[PDB]
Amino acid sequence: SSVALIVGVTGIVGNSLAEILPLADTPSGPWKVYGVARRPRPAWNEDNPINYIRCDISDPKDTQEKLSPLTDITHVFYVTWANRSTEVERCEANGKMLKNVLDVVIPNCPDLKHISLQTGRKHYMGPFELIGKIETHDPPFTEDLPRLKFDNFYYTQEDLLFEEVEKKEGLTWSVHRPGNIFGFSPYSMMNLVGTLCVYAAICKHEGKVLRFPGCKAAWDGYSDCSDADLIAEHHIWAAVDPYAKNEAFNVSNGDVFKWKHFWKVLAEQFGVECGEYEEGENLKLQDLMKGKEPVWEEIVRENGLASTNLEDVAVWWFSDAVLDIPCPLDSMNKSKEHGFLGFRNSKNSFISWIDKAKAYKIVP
């Protein structure tokens, strides 16, 4: 039997992995699962049968303290990261966290088979501060083109991964580069669906229009996304498929869509009048939602929602980051050619994840 450690078990993928790994039909079942995070385990994470371990993996002491007893790890799913003001900062911060974790597990887990690291499409686009400002490789992005000549903590994290896995013979790795993730996690630092749901709710409550806070390319251009269950299935796939070992793979839903169409979906789900991209207006939810914490607190009190503060449930800057540029497509051909044929209907994905938020009473 095989034992997973999910590093970031309350994140938008960590939660998906917390729910899928213990399932019976999950490959290499039955799975023992350890799940790490910092905050006290929230209610929406309890419905999974995970061994919850509070640990701040930036602290080498706490990481040695919390993870060293875990003698029986077989697979590691790194589903976390730390944000800073400069990418160079992100590099050292995210290297240290990843290194803390690996430096403990590998010498302590004689059954450790695989280490599965999640980065993202920003590997091809450059960091936030530089997105849309640098010559990238022409999309669709394929996994084994050269890295950009700009610092990127995905690269730092990768080169680190490579070294560590050599300490244990037969230890093997995989890298997964999702696009924007449609998922569920009121704690995630990048939760597009979650943030968009709060917006619509606020709009419904105020009776205003669901205006579009994005650029024409996001409205009318092709976009794609990465369903969080699929991303979880993708982690599991490389962790167990020996012909996927030691490879980076994109993971996206297998289709495209336009926000002009999904916007109507978003509106209908919350009973709001759907707005439409207006020229030269460049709305920002970061600007448009300033000071709305009393309105949220009213929406919550009224509609019976769980006690959430929008700071947690709405990451405005990230919705802006997403909608304020055009969406470069990636390719799933390497994944498919290696056997990962999983996919998701993105429109159904969107509704599915809007509805999980409703179901957990995060939004109305």
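So that there is no doubt, residue numbering starts at 1 and follows the sequence shown.
Asks: What stretch has the higher average Cα B-factor here, 163-171 or 266-274?
Replies: Result of the comparison: 163-171.
Asks: Looking at the entry, does 317-325 or 291-299 show the higher mean C-alpha B-factor?
Replies: Looking at the record's C-alpha B-factors, the answer is 291-299.
Asks: From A24, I354, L341, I12, pick the one with the largest CA B-factor in the entry?
Replies: In this record, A24 carries the highest C-alpha B-factor of the candidates.
Asks: If you rank the chain by CA B-factor, which third does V36 end up in: lowest, middle or highest?
Replies: It belongs to the middle third of the chain when residues are ordered by C-alpha B-factor.
Asks: Can you work out whether the C-alpha temperature factor of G120 puts it in the lowest, middle or highest third of the chain?
Replies: It falls in the bottom third of the chain.
Asks: Taking only the Cα B-factors deposited for this chain, tell me whether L210 sits in the lowest, middle or highest third.
Replies: Its C-alpha B-factor, which the entry lists for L210, ranks in the middle third among residues of this chain.
Asks: Looking at the temperature factor on the CA atom of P127, which third of the chain's modelled residues does it land in?
Replies: As the PDB entry reports it, the C-alpha B-factor of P127 lands in the middle third of its chain.
Asks: Taking the entry's C-alpha B-factors for this chain, is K96 in the lowest, middle or highest third?
Replies: Highest third - that is where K96 ends up once the chain's C-alpha B-factors are sorted.
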